[PDB]
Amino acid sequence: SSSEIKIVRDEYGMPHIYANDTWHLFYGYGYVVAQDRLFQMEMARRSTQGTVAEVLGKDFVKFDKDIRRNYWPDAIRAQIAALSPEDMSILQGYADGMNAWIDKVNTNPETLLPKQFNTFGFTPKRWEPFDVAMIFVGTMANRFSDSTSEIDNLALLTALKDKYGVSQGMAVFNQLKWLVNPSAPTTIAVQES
């Protein structure tokens, strides 16, 4: 069946999803993630959207403001809105899957609620495709592809010009923060390109 989602866990607990379509396949994935890592995922959702001070307090206000200032939510929603129905299924499947398991947890919290929700004094909320996309955007795009120190480099360069004069300041800048160094060990051999 097309309605059927079979979940097989191995000897390490690693889940394997058997499904006939995209929505059913990602639903399965979402469901086991909510089983295994709900508190982690929930905290990762608040970290990536700047909503930590709500449940954690005063100490996270600066964190929250810094997260929010580094993105444009509306630009993310517009990319979601432009997806094709097959692409959209992946994200919707996933959020739906998770929600399925959050509903059981919130229905029977005496046995299903992750201990840490009790510790931290809050409960899980339902997810939407925007939430799933923000997990990737916030921890892959902002962690490993958002690197610059250009304003700081300019400050440094200004200090070198005040020390060695204009031309000399610039040549020292190139000794400390060169653009390229032709002796750097490379992944692709020079014969290749």
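Whichever C-alpha set is largest while still superposing within 1.5 Å between the two forms counts as the rigid core. Residue indices: 1-based, along the sequence shown.
Taking the rigid core as the alignment reference, the C-alpha atoms of 139-147 lie farther on average from the displayed form in 7 other deposited structures of this protein than those of the other stretch among 64-72 and 139-147.
The stretch 55-63 shows the higher mean C-alpha B-factor when 139-147 is compared against 55-63 in the entry. Of the two stretches examined, 38-46 and 157-165, the record assigns the greater average C-alpha temperature factor to 157-165. Among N99, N108, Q79, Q92, the highest C-alpha B-factor in the deposited entry belongs to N108. When all modelled residues of the chain are sorted by CA temperature factor, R126 is found within the highest third. Among all modelled residues in this chain, the alpha-carbon of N174 has a temperature factor (C-alpha) in the lowest third.
Split the chain's modelled residues into thirds by C-alpha temperature factor. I188 is in the lowest one. The deposited CA B-factor of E11 belongs to the middle third of values across its chain.
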